[PDB]
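Just below is one structure, and these are the notes that go with it.
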Amino acid sequence: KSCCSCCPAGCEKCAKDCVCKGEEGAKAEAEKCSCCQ
Ligand SMILES: [Cd+2]
Ligand SMILES: [Cd+2]
Ligand SMILES: [Cd+2]
Ligand SMILES: [Cd+2]
């Protein structure tokens, strides 16, 4: 699943376990993040 607001369901960055799973300062609402990019 997209598992994110900053990533789609294809983010292979999240294909391991959602690299941004940390809902701390890596807010997904952002619509996009800066770890997978
Ligand atoms: Cd994300
Ligand atoms: Cd991601
Ligand atoms: Cd994710
Ligand atoms: Cd990310």
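Counting begins at 1 with the first residue displayed.
Method on record in the header is solution NMR.
Every residue gets a Cβ built from N, Cα and C, even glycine.
Swiss-Prot lists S2 with the feature phosphoserine, giving a large-scale study or a structure entry as the kind of evidence. Feature annotation from Swiss-Prot assigns divalent metal cation 4 binding site to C3, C4, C14, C18. The divalent metal cation 5 binding site feature in Swiss-Prot is assigned to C4, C6, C7, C20. Among the features that Swiss-Prot reports, divalent metal cation 6 binding site is placed at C7, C11, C14, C36. As annotated by Swiss-Prot, divalent metal cation 7 binding site applies to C20, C33, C35, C36.
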Near ligand 3, which of the recorded positions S2, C3, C4, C7, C18, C33 are found, taking a Cβ distance under 6 A to any of its atoms?
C3, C4, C7, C18
Quick check: of the binding-site residues listed here (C14, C18, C33, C35, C36), which one has the Cα closest to that of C6 (divalent metal cation 5 binding site)?
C33
Taking the mean position of the Cβ atoms of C4, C6, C7, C20 as the divalent metal cation 5 site, which residues outside that list, in the same chain, have a Cβ no more than 8 Å away, listed in sequence order?
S2, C3, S5, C11, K13, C14, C18, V19, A26, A28, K32, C33, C35, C36
Hey, what's the Cβ neighbour count for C3 (divalent metal cation 4 binding site) at 10 Å?
17
If you measure C-alpha to C-alpha, which of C11, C14, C20, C36 (binding-site residues) come within 10 angstroms of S2 (phosphoserine)?
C11, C14
Please work out the number of neighbouring Cβ atoms within 10 Å of the Cβ of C4 (divalent metal cation 4 binding site), leaving out its own Cβ.
22
Contacting recorded positions, sequence order - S2, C3, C20, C35 vs ligand 1, Cβ under 6 Å:
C20
Quick check: which same-chain residues outside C3, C4, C14, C18 lie with their CB within 8 A of the centre of the divalent metal cation 4 site CB atoms?
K1, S2, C7, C11, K13, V19, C20, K21, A28
Can you check which residue among the binding-site residues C7, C18, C33 has the largest number of Cβ atoms within 10 Å of its own?
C7
